[PDB]
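Both blocks below hold the same protein chain, though in two forms, and each is given as structure tokens: structure 1 and structure 2.
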Structure 1
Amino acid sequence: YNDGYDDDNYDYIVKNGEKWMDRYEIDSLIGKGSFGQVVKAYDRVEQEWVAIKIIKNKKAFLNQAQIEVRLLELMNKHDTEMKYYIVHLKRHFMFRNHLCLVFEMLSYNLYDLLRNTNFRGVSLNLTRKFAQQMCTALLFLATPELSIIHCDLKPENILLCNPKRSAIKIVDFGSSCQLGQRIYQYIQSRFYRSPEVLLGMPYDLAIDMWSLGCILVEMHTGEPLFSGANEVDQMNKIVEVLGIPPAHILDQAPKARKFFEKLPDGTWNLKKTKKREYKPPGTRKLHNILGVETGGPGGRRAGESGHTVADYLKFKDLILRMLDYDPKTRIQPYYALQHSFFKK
């Protein structure tokens, strides 16, 4: 495969120590998703470490990363301090028939952070800071001459700048597109996937806000809010919390009948089944998941500072505005930043 340079998966067979182009000194592998791999490497020419995202040697994979690069370059050259919430693409190049993107090295991602605490969750204060950054990040992406949809927000694609501080950056625009230049129907990671996408409807930037909604709850509770094993499970878990999606949406949804049934009288219910598996629609209240009046998630924050019922009621209000079923009334970043959960 690729004159012995690649494994059977179209991935470059990384070798520690290797020096590419009399410049980069590959130390090791540090990331390996569906896109390919990410390695740690010393840039001799600039005297710094970098992360190198090695794209899979495969036409569909390369072609998509070419889109990542057009969008990364567009974000990076935009003069506004908000652009510092999106990671910096220093260079790209072809090497051994792989596209390679050279990035500033960042630190652990938010998933690693959750794991570091044994999934007890991070503080409501910390979560606030992440949320605050994310919404400013999304606000940047929403600027008209950008209008970029990330499409795969989740803890693993949000990284700490430095391991002991709380500045973060969004990475992985490998599934991103601009408004009106949509090309996939199946997108986002399942846990973080919006209802409009599960329903096969057209989507806009509001899908990132759904994802953020779910992420922030997870960051605080330490477990995914909606953890479906497949699309049918996913939509049922959402329903447990928010009830049946409103009729105006289902009526225009190609995949409505993958999960739902229209009744003679025009209302919608879940599909008939053989058999109890889910809580009744809307009876798994975000109010209890978060532990608003019971000392937070699991009771784990009972009488700690920064975790008042009033903090939680604010928080909860934001999340539910983020998980609005309707993409046209779901809270957009501008207004989310004005939310009272961010007062001082």
Structure 2
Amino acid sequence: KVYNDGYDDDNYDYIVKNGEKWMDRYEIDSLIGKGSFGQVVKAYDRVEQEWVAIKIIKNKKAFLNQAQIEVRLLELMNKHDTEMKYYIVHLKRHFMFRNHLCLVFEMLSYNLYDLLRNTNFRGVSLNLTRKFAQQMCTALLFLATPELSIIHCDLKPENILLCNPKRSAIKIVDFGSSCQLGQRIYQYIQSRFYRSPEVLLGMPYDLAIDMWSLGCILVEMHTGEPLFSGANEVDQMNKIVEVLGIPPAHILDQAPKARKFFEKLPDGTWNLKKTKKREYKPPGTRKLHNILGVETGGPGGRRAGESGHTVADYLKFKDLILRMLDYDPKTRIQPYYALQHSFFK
């Protein structure tokens, strides 16, 4: 009849009540969002006298254990005293409350998907995109710190928050799906739209898969729409192929799940497999040049005449993206050099 002395529901979630005051410190205001992990609530820390976001993990061992991994990584990042640290959301502290693990983060406005929807999915400017791109690259540079070597493993608009409604700063959230560099354990990783080719092909992966995600995200930022919106993995790959063409032979020859998408011809070359529903342009004929509208006033021609949106500006943006969307994770551009690109001058 009751769960956790009546504090929980049948989904092991803590029943959030507005006005409730935790530990004579946190004044619960309202629910921010839900997730598999549990809930995130907006609360006022009367001690520090500031708003905070509390991530209330579900009262069950499986989610508790996963959250402790997140606490480990977040605390690990906190110990490294650099200024790049400030593009990761700050874990202030954590505590147990009524059998729930609670993580206290800084309070941020809204996520990057919310910003897109506010544009009615028409995107934001190349100028705002540049600011976001530089911070993300810096964030990825921080995660590439040898002692950290952290793969976020789930970069997407939803997991990128705006620091202030009137400022251009962003921060990355949700390191619950994250782990450090190591031997391959998991294979079905990342959100589909932003899933790297090496993951789709069932190959070994590293920190480069986050760079791939970033490339997808940045395009989506300026256009307002996902670059590769696959309804499944096969559709996802075919959308990727539409833009970038057939992946190199030296990659496909070593790909365990290559024949889920491709066909090895008698001459040793690879072609797409004939699927089913749906219809795709020939490989590489959906150019990023035309998606971005480099010479046609940007996405939908809505940036024509706008400053910071010349052909030269768009060419710099396109070039950086294509370096981020390299099929080869070993030659794919890295954070340190992404930041040195001409797009960021």
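All residue numbers here refer to structure 1's sequence, counted from 1. Rigid core: the largest C-alpha set superposing within 1.5 Å between the two forms.
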**OP:** Align on the rigid core first; then say whether the Cα of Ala302 has moved by at least 2 Å between structure 1 and structure 2.
**Re:** no
Original post:
Honestly, after the rigid core fit, is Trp20 moving at least 2 Å at Cα between structure 1 and structure 2?
Top reply: yes
**OP:** Quick one: report the rotation angle of the small rigid part relative to the large one between structure 1 and structure 2, in degrees.
**Re:** 10
Original post:
By how many angstrom is the Cα of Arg182 displaced between structure 1 and structure 2 when the rigid core is overlaid?
Top reply: 4.2
**OP:** Having superposed the rigid core, state how many Å the Cα of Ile54 shifts between structure 1 and structure 2.
**Re:** 1.9
Subject >> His98: CA movement between structure 1 and structure 2 [superposed on rigid core, Å] >> reply: 2.8
